[PDB]
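Reading through the structure tokens given below for one structure.
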Ligand SMILES: [Ca+2]
Ligand SMILES: [Ca+2]
Ligand SMILES: [Ca+2]
């Protein structure tokens, strides 16, 4: 929040913003520049106030009006920015249902409290439980892992550290995998879904005291396929959530064109949470800024919108 790139605008005036956006929408050809400039420089909560004031004045819902007025990747970004975080995450989950990397990315990186609100909003929008949908769309151990993660019931022992449990969990992960001939997948799932993220960072550290390979290397040796890929993503997300996002951003822009669904989703969803840490990890790893990469990979008003969500560079 302190680590978000998008901050609450000072001296906020919803009605001013709604008049200005209406004018922009009705400009011949559409004044996209103004729409992007405003909405990318307001908090999500402020955008809700703007939507409310817009409908009151015009008798049109802002999101509907913008669906009609905008298109292409610009439209995706702007409509995503208008959704509340829970609505946005719920709708991105639904869209990922199959895209296992994206389901992990969303589910691994939200708080318990965000996950409860996502579950509630998902049922409301889609009239089915998120967990029922996951069970439908997935199978085997990846289904078990996803179901467990989606419940959003990681332990929350403030950060009162339990050094004994850290050690026991680390030994248990080792005994369940690298120490023995097969792999006890339910034990890995249990530990990695039921403990807090800070606890698990310490477990993975302590783990190295017992295992000749770190957690990521152990995963590579112990499991295969979709489930291997899922655990690797999950462990990265736990060990360093900003670097995880930075790597997903870099990968979204590599080579020819862009995986715009991923890029958009990250820039919208992490804009008010940790985009400054993501930037910092990205620059540290890749040498140039996130801003520089977005700028080289996208164009037009869509690019401008994403560069505002990035927020600049250091
Ligand atoms: Ca235009
Ligand atoms: Ca083994
Ligand atoms: Ca590219």
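Just so you know, all these numbers are worked out from the coordinates, no wet-lab data involved. Counting neighbours? That spans all protein chains shown, and the Cβs are built from the backbone with ideal geometry, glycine included.
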Task: Label-point gap, in nm, between residue 56 and residue 288 - each point 7 angstrom along Cα→Cβ - done: 4.6
- [ ] Quote to one decimal, in nm, the extra length available between residue 23 and residue 11 on full extension: 0.36 nm per residue of separation minus the C-alpha distance between them.
- [x] 2.2 nm
- [ ] Quick one: divide the alpha-carbon radius of gyration of region 41-102 by 2.2 N^0.38 Å and tell me what you get.
- [x] 1.25
TODO: Obtain the nm distance between the two label points defined at residue 98 and residue 120 by a simple spin-label model: each point lies 7 Å from its Cα along the Cα-to-C-beta direction.
DONE: 3.0
Task: Inter-label distance, nm, simple model (7 Å from Cα along the C-beta direction), residue 63/residue 153 - done: 3.0
TODO: State the extension gain, in nm to one decimal, for the chain segment bounded by residue 254 and residue 228, taking 0.36 nm per residue of separation less the distance between their alpha-carbons.
DONE: 7.1 nm
Task: Among 44-52, 242-250, 132-140, the order from most to least packed when residues are scored by Cβ within 10 Å on average - done: 242-250, 44-52, 132-140
TODO: Could you tell me the distance between the Cα centroids of region 111-139 and region 9-65, to the nearest Å?
DONE: 30
Task: If the convex hull is drawn through the Cα atoms of region 84-158, its volume per residue in Å³ - done: 81
Task: Full-stretch length increase - residue 296, residue 217 - with 0.36 nm per residue and alpha-carbon distance subtracted - done: 25.1 nm
TODO: Beyond 20 Å, what share of the Cα-Cα pairs of region 1-55 is found? Please give it as a whole percent.
DONE: 22
Task: Values of log10 I(q)/I(0), in the order q = 0.13 Å⁻¹, for the chain under a Debye, Cα-only, solvent-free model - done: -0.99
